[PDB]
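A short write-up of the structure that comes next.
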Amino acid sequence: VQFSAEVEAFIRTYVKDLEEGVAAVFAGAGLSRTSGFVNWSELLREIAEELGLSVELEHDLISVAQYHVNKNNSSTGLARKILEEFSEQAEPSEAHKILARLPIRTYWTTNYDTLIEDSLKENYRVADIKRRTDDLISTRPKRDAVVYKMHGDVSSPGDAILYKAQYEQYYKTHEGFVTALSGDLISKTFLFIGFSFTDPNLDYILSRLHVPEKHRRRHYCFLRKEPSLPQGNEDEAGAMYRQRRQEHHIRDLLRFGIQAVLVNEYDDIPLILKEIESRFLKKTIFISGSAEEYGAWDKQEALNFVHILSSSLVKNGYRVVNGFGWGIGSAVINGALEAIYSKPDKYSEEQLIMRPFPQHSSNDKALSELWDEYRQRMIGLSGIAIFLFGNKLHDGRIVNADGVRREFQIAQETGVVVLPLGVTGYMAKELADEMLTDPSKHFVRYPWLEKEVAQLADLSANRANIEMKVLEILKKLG
Amino acid sequence: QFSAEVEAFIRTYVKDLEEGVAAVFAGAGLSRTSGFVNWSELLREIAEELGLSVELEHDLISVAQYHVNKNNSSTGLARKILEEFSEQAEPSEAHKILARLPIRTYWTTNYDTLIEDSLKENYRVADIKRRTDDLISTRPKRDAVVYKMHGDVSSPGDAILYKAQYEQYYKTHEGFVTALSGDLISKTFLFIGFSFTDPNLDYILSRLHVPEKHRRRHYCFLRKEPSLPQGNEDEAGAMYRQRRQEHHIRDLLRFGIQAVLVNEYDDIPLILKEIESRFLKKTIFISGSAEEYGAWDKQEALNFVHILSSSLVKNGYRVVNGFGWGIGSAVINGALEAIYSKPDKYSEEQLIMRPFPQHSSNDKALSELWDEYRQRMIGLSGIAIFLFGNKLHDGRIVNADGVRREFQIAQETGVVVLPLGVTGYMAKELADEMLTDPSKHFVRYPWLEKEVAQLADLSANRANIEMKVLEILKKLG
Ligand code: NA
Ligand code: NA
Ligand code: NA
Ligand code: NA
Numbered sequence: 003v004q005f006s007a008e009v010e011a012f013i014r015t016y017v018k019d020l021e022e023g024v025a026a027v028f029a030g031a032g033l034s035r036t037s038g039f040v041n042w043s044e045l046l047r048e049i050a051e052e053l054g055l056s057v058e059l060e061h062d063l064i065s066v067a068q069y070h071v072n073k074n075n076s077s078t079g080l081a082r083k084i085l086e087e088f089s090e091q092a093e094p095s096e097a098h099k100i101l102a103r104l105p106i107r108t109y110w111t112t113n114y115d116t117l118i119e120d121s122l123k124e125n126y127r128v129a130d131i132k133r134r135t136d137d138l139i140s141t142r143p144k145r146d147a148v149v150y151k152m153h154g155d156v157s158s159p160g161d162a163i164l165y166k167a168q169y170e171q172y173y174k175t176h177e178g179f180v181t182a183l184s185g186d187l188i189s190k191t192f193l194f195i196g197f198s199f200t201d202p203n204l205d206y207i208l209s210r211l212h213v214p215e216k217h218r219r220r221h222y223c224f225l226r227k228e229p230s231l232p233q234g235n236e237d238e239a240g241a242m243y244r245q246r247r248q249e250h251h252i253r254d255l256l257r258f259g260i261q262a263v264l265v266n267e268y269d270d271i272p273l274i275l276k277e278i279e280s281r282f283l284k285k286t287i288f289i290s291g292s293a294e295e296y297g298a299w300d301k302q303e304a305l306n307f308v309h310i311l312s313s314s315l316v317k318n319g320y321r322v323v324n325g326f327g328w329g330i331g332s333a334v335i336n337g338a339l340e341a342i343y344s345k346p347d348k349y350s351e352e353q354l355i356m357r358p359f360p361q362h363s364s365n366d367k368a369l370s371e372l373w374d375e376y377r378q379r380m381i382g383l384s385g386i387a388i389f390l391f392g393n394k395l396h397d398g399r400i401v402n403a404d405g406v407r408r409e410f411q412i413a414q415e416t417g418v419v420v421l422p423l424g425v426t427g428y429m430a431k432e433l434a435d436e437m438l439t440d441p442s443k444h445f446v447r448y449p450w451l452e453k454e455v456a457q458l459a460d461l462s463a464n465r466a467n468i469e470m471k472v473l474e475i476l477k478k479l480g
Numbered sequence: 004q005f006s007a008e009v010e011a012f013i014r015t016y017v018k019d020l021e022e023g024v025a026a027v028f029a030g031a032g033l034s035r036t037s038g039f040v041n042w043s044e045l046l047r048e049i050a051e052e053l054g055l056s057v058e059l060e061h062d063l064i065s066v067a068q069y070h071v072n073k074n075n076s077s078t079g080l081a082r083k084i085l086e087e088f089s090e091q092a093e094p095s096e097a098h099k100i101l102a103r104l105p106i107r108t109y110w111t112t113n114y115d116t117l118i119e120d121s122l123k124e125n126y127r128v129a130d131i132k133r134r135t136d137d138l139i140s141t142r143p144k145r146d147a148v149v150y151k152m153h154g155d156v157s158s159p160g161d162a163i164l165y166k167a168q169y170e171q172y173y174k175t176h177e178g179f180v181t182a183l184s185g186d187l188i189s190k191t192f193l194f195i196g197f198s199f200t201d202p203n204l205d206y207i208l209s210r211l212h213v214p215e216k217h218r219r220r221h222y223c224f225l226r227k228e229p230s231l232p233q234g235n236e237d238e239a240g241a242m243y244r245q246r247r248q249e250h251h252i253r254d255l256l257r258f259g260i261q262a263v264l265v266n267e268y269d270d271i272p273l274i275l276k277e278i279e280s281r282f283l284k285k286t287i288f289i290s291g292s293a294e295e296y297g298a299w300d301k302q303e304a305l306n307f308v309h310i311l312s313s314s315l316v317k318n319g320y321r322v323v324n325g326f327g328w329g330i331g332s333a334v335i336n337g338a339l340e341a342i343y344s345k346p347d348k349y350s351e352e353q354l355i356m357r358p359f360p361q362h363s364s365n366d367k368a369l370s371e372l373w374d375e376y377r378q379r380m381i382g383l384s385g386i387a388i389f390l391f392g393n394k395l396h397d398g399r400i401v402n403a404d405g406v407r408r409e410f411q412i413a414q415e416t417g418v419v420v421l422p423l424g425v426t427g428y429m430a431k432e433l434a435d436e437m438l439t440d441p442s443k444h445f446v447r448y449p450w451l452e453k454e455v456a457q458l459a460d461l462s463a464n465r466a467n468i469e470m471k472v473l474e475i476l477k478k479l480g
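Taken in order, these protein sequences are the chains called B and A. For what it's worth, PDB author numbering labels the leading residue of the first sequence as 3, then goes sequentially. For what it's worth, PDB author numbering labels the leading residue of the second sequence as 4, then goes sequentially.
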């Protein structure tokens, strides 16, 4: 759970930039491999062999590809290997799924595959996909993210950027992409992921990143640190040359404002991203609860409290994930929306997260499983969960709501801080009391929280001070 | 009924609104209730200070530049044509309509903030571009973008005011020009508030050139020149005034702009309200609330509401959620299910949700805030459906008076009202009330009386209600 001082500073910075909304991703081929990297020599082996060349002797693979286009006067043979087959091997990394889950608004990529767009759709995120310059003219309304496919798309291989001659003229043929990228480079913090210094195309991509020093920003790029001891037909002299050479790569990236984030293995990347996610989600609050009745609370008193709580979370900079429970979810919605439109300059519709809950069975899944998948997904978008009331009618009598407990379990199992408010009674009280029954188990990560949950579980707790105590708890948890 | 040309404009803009490609380009006239500006009078004293006269100076752009040249400063000029000028800005009826409608793109050369202010009052989140720097980043989840091409009363020092700045605009404000050229080939503009006495009209129009292959047809409101003389005119001078306008009209075409001619400026809001009335026939307000469901099982009723709302989205309608207790949550879930069912064909814009009143205010009782909420939300719709409608009151179940108030607001404003009496309670009361005086409630659509009658029977068969409602809405369209 602890990283380098350099990685640690990157985590702190990118979390903050995710919160402000200026975080961006630039994705290379490595991101579309569970491996995390690509062997370019092997990909071009056959193209070179068809020219009487060999990737062992040819170190300029961009020129080899161009020679292939020249000799056959056509892009198709090249396109089959480096675009068509290359993209069918694409697989979503763990790092890929994390980045698609986070509320990152801007994805740039030179990949041809559809993994980014596909993952966004799976996570119920409406994507504005820019596959060609024409797509840049109009903005998809209410999009959750924009995805720039700089070099085209497997969907239209004829329009993809594949070989040297196209790279050389990209600044004119695709001026719109370059202009958009230059704007994002001076307004956003990029995470470059999936790039290697054996990428034949790297220099072309990096040369597009120049901006006036007055406006230059600092960005980040994952790189695997070269291992110490030999590889293949190498000796300790060859190993040390391989390593010290990498120091010049790292310094070169600074030209473009890019700071290398070194990892010893590609498997380290998803762990760093998970840490970023967990720290970032501490400001996204899941509201769990439902009510057929309100017990020691008057209904309008309860709904008014829920409304005010939701509004305050928005006004204090939190994102609210609505559990959509009966008799609670409507007040969550109305409270958050009231705050949003109170100050449409400051707050945003992004601060209220709503996704439809299951209504009907499917042929493949019972309502049983759709509900559990819904709760897992919604809690997955949050870092803290508040539990309120929680009761429903069953065979004519009021019972504590099992679905509220299930959300509680999912949250605990996944590291989401659980904050039941026992003063609201019912399942919230049942859960608060249960936590206090084993403080060494339930309050390991935050021992100071036992006292707070105990005060808020007291049925005679002062209801006017609940909101401010919750707010102080959430700020300390962050 | 309007002229054939105006009628064709109405039909085209309604469809472009529905498609989401409608745009507005607002001139000074839109910020005056009269609909026009007297430019010679605005510059009268500027000219007098240079020893000139607006009676004899026909080029007011140059007069303003001469004022800057003489004083080596735009301070005096800016006071008259920016400060005082924008202080007299008033939202016209045409302004209010265009701010109401779901137009995504507003361009303007006005300095005032009437568009931005109206959008917020209408609970529309605006992305306001006052400077080229603002163009780099897009406000997420915006309901509209507003381009202030010539700057803003907010930062007078950065506003476009005089000839020299116009001449270099294509360089200093290149971002605005590039964005406009993209919108001109992607959207259908309505130019409103411009006259051919606008000293800077040529500067504005010259920015509208695009390759013919990509040129679209736009529209521009213009007041037809009157026949009768005015101000030192006889019938020769008045006929000269009129025939000159024919060349203005023809000239607009080389920019792809078709003049929409009106006899009076007051005709503009009438054409715009006809546009709104027709456009809104695919926006459905769902009125209803329920503490209990009577002869319906609770999950049966919520399932019906869910399916109805989903079906509305899937058949191309926008759903305005009344947000009633026990009904609004199913409206939301049904619509959201449809939207994310096929997120490439359906959109989040098909569900309209705005907060309802919770707390009294020092200037408005809760009673007033509720009425204003209902008027605003019904104002967004052309058809309103009424379902159930009951609440708890002094310990008992009563029919929901709010549902009837929403019914009355709808009827008073020309919104088609479709109560489903089979859902009982207030919806049944309103269905029976309409059926008791068909002469008054079914004037516009006589065939609707039969449909309401079959849906009003408490014993009516519930399996095909949604299918019947959708057929009714399609005919109303
Ligand atoms: Na309270
Ligand atoms: Na509810
Ligand atoms: Na439950
Ligand atoms: Na009511």
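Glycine included, C-beta positions come from ideal geometry on N, C-alpha and C.
I need the straight-line Cα distance from residue i to residue j, nearest angstrom please.
i	j	result
residue 258(B)	residue 211(B)	6 Å
residue 459(B)	residue 359(A)	31 Å
residue 323(A)	residue 418(A)	13 Å
residue 296(B)	residue 386(B)	24 Å
residue 438(B)	residue 447(B)	14 Å
residue 293(B)	residue 403(B)	8 Å
residue 182(A)	residue 401(A)	55 Å
residue 76(B)	residue 114(A)	55 Å
residue 269(A)	residue 17(A)	20 Å
residue 189(A)	residue 13(B)	41 Å
residue 309(A)	residue 125(B)	22 Å
Below 8 Å on the Cβ atoms is my guess for residue i versus residue j; work out the distance and round it to an integer in Å.
i	j	result
residue 195(B)	residue 287(B)	With a Cβ gap of about 29 Å, residue 195(B) and residue 287(B) do not count as contacting.
residue 245(A)	residue 228(A)	4 Å
residue 330(B)	residue 410(B)	In fact, because the Cβ distance is near 15 Å, the residues do not count as touching under 8 Å.
residue 1(A)	residue 87(A)	For chain A, the structure presents residues 4 to 480; residue 1(A) sits outside this window and is missing.
residue 260(B)	residue 224(B)	Not confirmed; about 11 Å, so no contact.
Suppose the cutoff is 8 Å on Cβ atoms and the five residues either side in sequence are ignored; what does the same chain contact list for residue i look like?
i	result
residue 176(A)	135, 152 and 163
residue 230(A)	241 and 245
residue 127(B)	102, 146 and 147
residue 65(A)	166
residue 372(A)	360, 363 and 364
Have a look at the DSSP bridge pairing and note the partners of residue i.
i	result
residue 488(A)	Since the first and last residues shown for chain A are 4 and 480, residue 488(A) lies out of range.
residue 422(A)	389(A)
residue 447(A)	Answer is none; residue 447(A) lacks a bridge partner.
residue 261(B)	222(B)
residue 130(A)	148(A)
residue 399(B)	396(B)
Output needed for residue i: all residues of its chain with C-beta closer than 6 Å, excluding positions within five of it in sequence on either side, in chain order.
i	result
residue 304(B)	296
residue 445(A)	451 and 452
residue 106(A)	25 and 27
residue 200(B)	42
So, at 7 Å on beta carbons, what are the nonlocal neighbours of residue i in its own chain, with the 5 sequence-adjacent residues on each side left out?
i	result
residue 9(B)	263 and 274
residue 342(B)	316, 349, 350, 351, 353 and 354
residue 236(B)	none
residue 117(A)	34, 92, 94 and 98
Exercise answer, beta-carbon shell around ligand 3 heavy atoms below 7 Å: Counting every residue whose Cβ lies closer than 7 Å to a heavy atom of ligand 3, we get 292(B), 394(B), 403(B), 404(B), 405(B) and 406(B).
As a quick check of your reading: which residues have a C-beta less than 6 Å from at least one non-hydrogen atom of ligand 2, in chain order? Screening all residues for a C-beta within a distance smaller than 6 Å of any heavy atom in ligand 2 leaves 328(B), 329(B), 331(B), 332(B) and 332(A), in chain order.
Taking 5 Å as the limit, tell me which residues put their C-beta closer than that to any heavy atom of ligand 1, in chain order. The filter returns 307(B) and 465(B), in chain order.
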